[PDB]
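Structure, as structure tokens:
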Amino acid sequence: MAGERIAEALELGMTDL
Amino acid sequence: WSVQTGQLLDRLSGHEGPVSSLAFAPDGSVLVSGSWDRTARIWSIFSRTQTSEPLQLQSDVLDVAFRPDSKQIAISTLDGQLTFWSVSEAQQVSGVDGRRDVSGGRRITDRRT
Amino acid sequence: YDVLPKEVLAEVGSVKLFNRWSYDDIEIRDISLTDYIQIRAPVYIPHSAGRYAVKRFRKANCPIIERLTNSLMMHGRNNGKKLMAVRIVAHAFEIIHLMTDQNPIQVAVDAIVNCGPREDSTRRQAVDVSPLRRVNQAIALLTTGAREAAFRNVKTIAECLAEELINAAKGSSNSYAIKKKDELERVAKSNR
Amino acid sequence: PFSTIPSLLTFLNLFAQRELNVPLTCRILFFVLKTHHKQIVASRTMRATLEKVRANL
Amino acid sequence: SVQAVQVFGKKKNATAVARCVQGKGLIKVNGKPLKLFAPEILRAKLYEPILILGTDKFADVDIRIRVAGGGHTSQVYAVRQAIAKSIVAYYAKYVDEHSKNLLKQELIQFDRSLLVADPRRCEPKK
Amino acid sequence: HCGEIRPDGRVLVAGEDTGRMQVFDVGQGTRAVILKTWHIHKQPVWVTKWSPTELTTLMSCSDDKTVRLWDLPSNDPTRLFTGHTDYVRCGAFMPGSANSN
Amino acid sequence: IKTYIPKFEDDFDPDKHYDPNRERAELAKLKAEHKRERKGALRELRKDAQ
Amino acid sequence: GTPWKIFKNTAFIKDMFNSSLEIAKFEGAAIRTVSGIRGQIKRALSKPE
Amino acid sequence: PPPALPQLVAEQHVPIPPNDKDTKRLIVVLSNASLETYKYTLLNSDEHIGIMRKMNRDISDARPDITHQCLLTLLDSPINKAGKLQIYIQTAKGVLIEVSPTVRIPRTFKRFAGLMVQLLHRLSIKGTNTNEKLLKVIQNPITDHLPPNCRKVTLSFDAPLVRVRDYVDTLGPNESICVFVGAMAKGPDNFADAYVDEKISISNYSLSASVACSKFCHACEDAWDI
Amino acid sequence: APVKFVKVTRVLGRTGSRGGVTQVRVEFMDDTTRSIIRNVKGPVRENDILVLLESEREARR
Amino acid sequence: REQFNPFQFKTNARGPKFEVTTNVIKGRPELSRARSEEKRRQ
RNA sequence: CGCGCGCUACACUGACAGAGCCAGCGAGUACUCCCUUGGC
């Protein structure tokens, strides 16, 4: 689930930016 | 043994005699043993099963080698012949009997021709 | 000849499975199955007592017709008899040829190609299948389809294997195998 | 997966521009590139982003 | 003097002694001939060494073979083995060793068991 | 009503009077393995004959009104010809090169 | 379709022998009780012996 | 009794008893042939009563 | 084409022997059935109303009646008289009941329940004069007997509304039809989805499985012209 | 509705897949730069061919 | 205690050959043979 | 009576007649299934 965790976090940070 | 910690890891076993010459396949998938129990032995270690495949030979083993292309092994046994195998399909693919191709002799106190 | 019977000395030339059938020009069609239907090496009968299952994928180095006979020796009343197994396959290949006048090896390999399903469901999603399991699955389906039709019927094991494999070669809708693959793949499409 | 790739690239660009844990950043950068060295030279929109990360790094 | 090669082959419990000397060319089993001794389907497995080797090799020598022990298919693999190790040993000891090594290449590259009684003992997954 | 062998010499085909036509293999002698049976006509067949070139096609003129070409591997007849009005009870293929089908 | 009539007992309970000939039935149930008596006495006798 | 068959050690013995009941009373019985071999009765044999 | 000679003898309509998958046909599955044993009688609301009202777990589920009448309907249906019909029952212990066409069950619930009890303790039901096991207990998966070329369908409420006649005409040339019908009284539709491709609603009304299967079966008899 | 040939180039271990499925990364036989990730059951080898049908989705777990 | 030392008694491992609904230890070897030995004494 | 554990039966992998062709372990002066009609 690990890379998936960082995938969603990446997605969230894109929305943040 | 583990390099990074040093304390012993695994005594592999299976051998009907002392183990004569050893090498890793250069990718690191396979450990190969040859022992004087007429036999050479494919130890796949880093797989999750730590499996073993035998290879019956004709006589004792003396030296092992790999190909940089890690598919092929070359084992040099006691009659003198080389036997050349492909690792995956554990089938012998080549052989050279080189006894007269290496005999040079007649030492001191060597009373055979 | 030293001592060799007449048909074999007549075909002293190259390899001929069963002393009747050639390996020379056999086409695969699925490039995914090329590596796994190993037919480059010949064999003379399919009873070649190699240890093709010590570790992984070496069952994909057995020549396929040995595998076919193997699958034939599978259910609880028919375990050991590999000799009856290759006898069955022998009679099957005679029948396939007499009904097709064709290279029955090319027939069989065609039947494997057309039978091997390509995606299946997992409890449920649907994923692709390895070519190795395509091969395995197809042989299993072919054999079990054959004997299951041969169950209480006068048509025996050889002839039902003959029919099932001819149909599965043809891809038509009358073989157990093609039907079962079709339903499996429709379930795969259904869930997707 | 590859859709996730260029956003990660932009994050690494931000990392290098505001540099921090720079060995980590270089390390994961090179991993991405080597494991997909073909698809990056297939795409186009990487180009400007890769120039940014080049200059910053 | 009179040439002789005496070879062994082996399987689970068959034992195949075979003697290979100069002669007309016949091939025999216990005192009966070759195409007859079998479970009558496996005679291809018997034929295989002659058919790899080409009979123009074999038309020099005579091959008695004895067998006992074990069931049919054991016996059969034994006989093919003693056939092969026979004819390669006779080529080793009474014609050119280069034809030995070329013959051994043909044989082994076909299969390994035709020269080596590579047996089955027990070693599962430990 | 007609029992004829394929130009191999290994196949005999023949048609009964209930309407089924059977095809079965024979070696030289005591071999009667019933390869296939077809049960389409429901009415006697009088002439089934092989195409003297192709091993897999055979004509079958039935009782009723019909002649038709079968392929051996096929489980339904390849082509069907009509036009006849009474029993049909003799037939043949056309020898000659351009006399193909 | 030529349908059929199921053969079955209305008064169903798992335990009870169902058979036409009460003679053979009583033979069976006598034999069963006899077996029970034999093994019961045997078990009691062995344990008394030990 | 008198022996019925004789294997290596374990010997069946027949004409001593009239029932398995009598035997399993004499379970573990200290038996002794004339020649002086000692021994033990262990189970009743089933098929000839 | 010739006009296809007229038969001079009436037809017997032998049903499909179970080895055959080839015959496009109709499979029905009374799923979610309530076939429960009591002491020795099926558990129903008739007498065990007080028992289940004392033990406080949904008196309304122990309804073997719906199964009985659905079965009776699908027995005396003329597609069953033709043999294009075969019945399977799933009861809530997970029991598969292969129901041959050639049976006639007695019409009443009491002889019925006695017969099902005999079933539930001998895994098979033999007939009077014929040796063949009339009602036969078999094993999940039901797919292990279902036809290969078919559409495992279930009726439902929230699914779209499609007319049965055009759906059975949508059914292909060689393909049978498998329907999962819910003999349960009150509950959701999830009882079969592990096999079912698609759920269907057939009318705007809410019904029972008896009229569901009768409408459905008569529609098949329409489209295959019985 | 085409069919696509593809080849497994590298087989993952630690995705946390469920049951007999493993994730794997494949490069297209057609556009040998385009590379995606799919899930698959059956013993499956590095550097080998696989047929697929739906070329749309990156597979989840 | 009586549970997690289950060998105070016997049960079948299977569960019932037939579920029947109307309203598990299978007897105790240890107390049984104990009571009996007291009787064989007395 | 409950309970499994072993043995038997249950059919297409059939039945009858032939033909042919293969094991390994076992040697205490020791080995027996009856029990009965007759007669010597």
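Just so it is clear, none of the values below were taken in a lab; they were calculated from the coordinates. Note that each Cβ is placed from the backbone with ideal geometry, even for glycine, and that neighbours are counted across all protein chains shown.
A helix-only calculation puts chain C at -16000 deg cm²/dmol for mean residue ellipticity at 222 nm, using -39500 (n - 2.57) for each DSSP H run of at least four residues, averaged over all residues.
For region E:1-68, which chymotrypsin sites (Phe, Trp or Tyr not before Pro) are in a loop by DSSP, counting at most 10 other Cβ atoms within 10 Å?
Passing both the DSSP loop test and the Cβ count: no residue.
By DSSP, the beta bridges lying fully in the protein assembly as shown are antiparallel in about 80 percent of cases.
Report the far tail of the P(r) of region E:1-40, meaning the percent of Cα-Cα pairs longer than 13 Å. Cα-Cα pairs in region E:1-40 separated by more than 13 Å: 66 percent. Name all residues of region I:142-162 having a backbone nitrogen under 17 Å from the label point set 7 Å from the Cα of I:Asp189 along its Cα→Cβ direction, giving them as ranges. Within reach of a label on I:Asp189, which here means backbone N under 17 Å from a point 7 Å along Cα→Cβ, region I:142-162 contributes I:151-162. Evaluating 6.51 cos²θ - 1.76 cosθ + 1.60 at θ = phi - 60° for every residue in region J:4-12, the Karplus couplings come out as 10, 8, 8, 9, 4, 10, 7, 10, 6 Hz, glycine and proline recorded as x.
How big is D for chain H, in µm² s⁻¹ as a whole number, if Stokes-Einstein is applied with the Kirkwood radius of its Cα pairs at 20 °C and 1.002 mPa s?
190
Using only Cα coordinates, the Kirkwood hydrodynamic radius of region F:45-101 works out to 11.8 Å. Using the Cα coordinates of the protein assembly as shown, the gyration tensor eigenvalues translate into equivalent-ellipsoid semi-axes of 56, 47, 44 Å, sorted from longest to shortest. In this structure the amide hydrogen of I:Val153, modeled in the peptide plane, comes within under 5 Å of the amide hydrogens of I:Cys178, I:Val179, I:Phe180, none closer than 5 places in sequence on its chain. Fewest neighbouring Cβ atoms within 10 Å first, the residues C:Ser22, F:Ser62, C:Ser130, I:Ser206 line up as I:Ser206, C:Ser22, C:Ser130, F:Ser62. Using a simple spin-label model with pseudo-atoms 7 Å out from Cα toward Cβ, K:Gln3 and G:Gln50 lie 3.3 nm apart. Per residue, the convex hull spanned by the Cα atoms of region C:97-154 measures out at 95 cubic angstrom. Taking 0.36 nm per residue of sequence separation and removing the Cα-Cα distance, the I:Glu47/I:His218 pair yields an extension gain of 58.1 nm. Here region F:1-55 has an Rg and Dmax of 11.2, 31 Å, counting Cα atoms alone. Based on every Cα atom in chain B, Rg and the maximum pairwise Cα distance Dmax equal 16.4, 54 Å.
Taking every alpha-carbon pair within chain E, the share separated by more than 26 Å comes to 18 percent. On the beta carbon distance between F:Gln28 and E:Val2, with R0 = 45 Å, the FRET formula returns roughly 0.45. Dipole magnitude for chain F: about 60 debye, using +1 per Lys or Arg Cβ and -1 per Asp or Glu Cβ, origin at the Cα centre. Mean-square fluctuations from a GNM of chain J, with a 10 angstrom spring cutoff on Cα atoms, peak among J:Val24, J:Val51, J:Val40 at J:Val51.
Based on alpha-carbon atoms only, what is the radius of gyration of region C:42-145 relative to the globular estimate 2.2 N^0.38 Å?
For region C:42-145, the normalised Cα radius of gyration comes out at 1.15.
If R0 is taken as 60 Å, the Cβ-Cβ distance between D:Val41 and C:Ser22 corresponds to a FRET efficiency of 0.80.
Ellipticity at 222 nm from helices only: DSSP H runs of n ≥ 4 in chain I, each -39500 (n - 2.57), divided by the residue count, give -8000 deg cm²/dmol.
Between the residues C:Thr34, C:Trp21, C:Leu68, the greatest Cα displacement towards the positive end of the dipole of region C:1-87, with unit charges on the Cβ of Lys, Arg, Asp and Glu, is found for C:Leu68. According to the calculation over all Cα-Cα pairs in region B:1-44, the P(r) per 5 Å bin from zero is 6, 20, 24, 25, 18, 6, 1 %.
Spin-label pair D:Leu24-B:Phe46: with each label point 7 Å from Cα along the Cα-Cβ axis, the two points sit 2.7 nm from one another. P(r) for chain F, from all Cα pairs and a bin width of 5 Å, is 2, 13, 24, 26, 19, 10, 4, 1, 0 %, short bins first.
Would you mind working out the magnitude of the charge dipole of region C:78-192 relative to its Cα centre, with +1 at each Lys and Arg C-beta and -1 at each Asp and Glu C-beta, to the nearest 20 Debye? Intermediate results must be reported in sequence, preceding the final value.
Working: 18 positive and 13 negative charges, 104 e Å.
About 500 debye.
Spin-label model, C:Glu7 to B:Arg107: label points 7 Å out along the Cα-to-beta-carbon direction sit 6.2 nm apart. Suppose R0 equals 41 Å; then what is the FRET efficiency for C:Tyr52 and A:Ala7 from their Cβ-Cβ distance, rounded to the nearest 0.05? E between C:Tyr52 and A:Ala7, to the nearest 0.05, is 0.50. Length, then width, then depth: along the principal axes, the Cα atoms of chain K run 43, 23, 19 Å. Stokes-Einstein, applied to the Kirkwood radius of chain I over Cα pairs at a viscosity of 0.692 mPa s and 37 °C, places its translational diffusion at 175 µm² s⁻¹. Answer with one residue from F:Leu80, F:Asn99, F:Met59: the one whose Cα lies farthest towards the positive end of the charge dipole of region F:52-101, charges on Cβ with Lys, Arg +1 and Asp, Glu -1. Farthest towards the positive pole: F:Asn99. Within region I:61-155, none of the chymotrypsin sites (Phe, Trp or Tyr not before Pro) combine a DSSP coil assignment with at most 16 other C-beta atoms in a 10 angstrom radius. In chain J, the C-alpha radius of gyration followed by the widest Cα-Cα span (Dmax) gives 11.1, 33 angstrom.
What percentage of all Cα-Cα pairs in region E:86-126 are separated by more than 13 Å?
60
As a size descriptor, the averaged projected area of the C-alpha convex hull of region I:2-66 was calculated at 9.0 nm².
Any idea what angle helix E:43-53 forms with the longest principal axis of chain E, computed on alpha-carbon atoms, 0 to 90 degrees, nearest 10? Its long axis makes an angle of about 50 degrees. In a reduced charge model with +1 at each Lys and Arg Cβ and -1 at each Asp and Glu Cβ, region I:113-179 shows a dipole moment near 300 debye about its Cα centre.
Tell me the chymotrypsin sites (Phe, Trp or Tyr not before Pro) within region B:36-113 that lie in a loop according to DSSP and have at most 13 other beta-carbon atoms within 10 Å.
On the way: sites: B:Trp36, B:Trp43, B:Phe46, B:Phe66, B:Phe84, B:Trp85; in loops: B:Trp36, B:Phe46.
Here the sparse-neighbourhood loop sites are B:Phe46.
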